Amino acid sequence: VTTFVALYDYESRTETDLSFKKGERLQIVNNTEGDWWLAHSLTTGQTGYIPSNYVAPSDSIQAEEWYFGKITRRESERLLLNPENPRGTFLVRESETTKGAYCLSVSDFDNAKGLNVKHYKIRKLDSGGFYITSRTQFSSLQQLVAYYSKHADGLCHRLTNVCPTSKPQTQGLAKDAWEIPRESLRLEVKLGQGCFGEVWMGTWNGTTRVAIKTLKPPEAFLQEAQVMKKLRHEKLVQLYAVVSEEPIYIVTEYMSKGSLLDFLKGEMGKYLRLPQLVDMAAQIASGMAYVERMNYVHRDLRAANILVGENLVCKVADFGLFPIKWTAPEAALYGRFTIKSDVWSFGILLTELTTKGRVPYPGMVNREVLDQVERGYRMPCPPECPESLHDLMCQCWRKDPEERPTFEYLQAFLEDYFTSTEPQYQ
């Protein structure tokens, strides 16, 4: 009754932690809130720390290969939207809206709609009962799923394939790692170079694929990397460790696809449809909606400071610590850098997003822009970019910061852009 189960396959990166394959039964006595727990594999007889978020009690709903827990409706769609997923690919999660309730997200396919995802809410009747419909109830989510894996009963499709999912991100590199030794990082590929440093694709402890931001020739930054250490969100690139000795290094989560900009201009940004870029914009607003309620400020939001992953996952990087074209007037003429100037910047990012990577104000020069904008100038609606998306941009470009939307609004607006006149759940 202390047995946990591995949700995904994990590989060691230290002498103190331990590798384990998805499914293995681990033994953990003190499962107090924490990121790393000392566990014992009943399978291997091995002992070592493990990322807490990679296991779930064996006799639990979370141990269900099809229960994604508190996965957001959008990330569930992202996952469920994988082309290599037959109709009926599903997952079960907690409905983040009508709290207490549960949700069954199922993938479909119809030419007049293409790949889509139907969200059937399951009402966990207080009295225990469970149902997607009243005329049909069960005692466990495991049974409902069982039943619908053999019966459509109205559902768009019969529950078939359990929605896949790659391994998540451990929180941190190791149990206590943070200000690691420069001797552990093995830079092996350069993918950047700015006026503040470069960004390599290194390796930590030989096995770990990280990302090192070398800021070749301060110390008063460390005190800030601490607050940047706490900010934990899915749409925010994770900062693993930082080095004191100069030059100062910054190890961070590695994004296979690279920056959103390049990704846009490359040989992929073309086949990128509108619901794609809007999704990509929704992720970014989510991350910034977090940076927002955390009372923080990015100070330099743009498609260059955004990294992309596998299934069009986009994450905000560099948050915290020139780019006039992205800077809100007040920030450039008063140094007033707030979450509102950040919103301004976000509207500019919407133009790169909707213009395959095109530069904001294609025709003006740095100095020009600041002045054009002061007189009230604003970019026009890009080619084939909905006029409704431009209206959203214009709201971000309002003169008065207190007249620009919250990222919470931007996210909400962006997540429901296409399904505005449809019901949340079937």
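Start at 1 and count along the sequence shown; that's the residue number.
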| message | Missing residues between residue 321 and residue 322 in the deposited sequence, please: none, 1 to 3, 4 to 9, or 10 or more. | response | 10 or more
| field | Where residue 335 meets residue 336 in the shown sequence, the number of deposited residues left unmodelled | value | none
| Segment of higher mean CA temperature factor, 274-282 or 179-187 | 179-187
| field | 260-268 or 340-348, whichever carries the higher mean Cα B-factor | value | 260-268
| Out of 93, 209, 235, 78, residue topping the C-alpha B-factor column of the entry | 209
| query | Between 315, 298, 135, 73, which carries the biggest CA temperature factor in the record? | reply | 135
| query | Among the modelled residues of its chain, does the C-alpha B-factor of residue 197 lie in the lowest, middle or highest third? | reply | highest
| How does residue 168 rank on Cα B-factor within its chain, lowest, middle or highest third? | middle
| query | Taking the entry's C-alpha B-factors for this chain, is residue 9 in the lowest, middle or highest third? | reply | middle
| request: For residue 30, return the chain-relative third of its C-alpha B-factor as stated in the PDB record: lowest, middle or highest. | output: middle
| What third of its chain, lowest, middle or highest, does the C-alpha temperature factor of residue 383 fall into? | middle
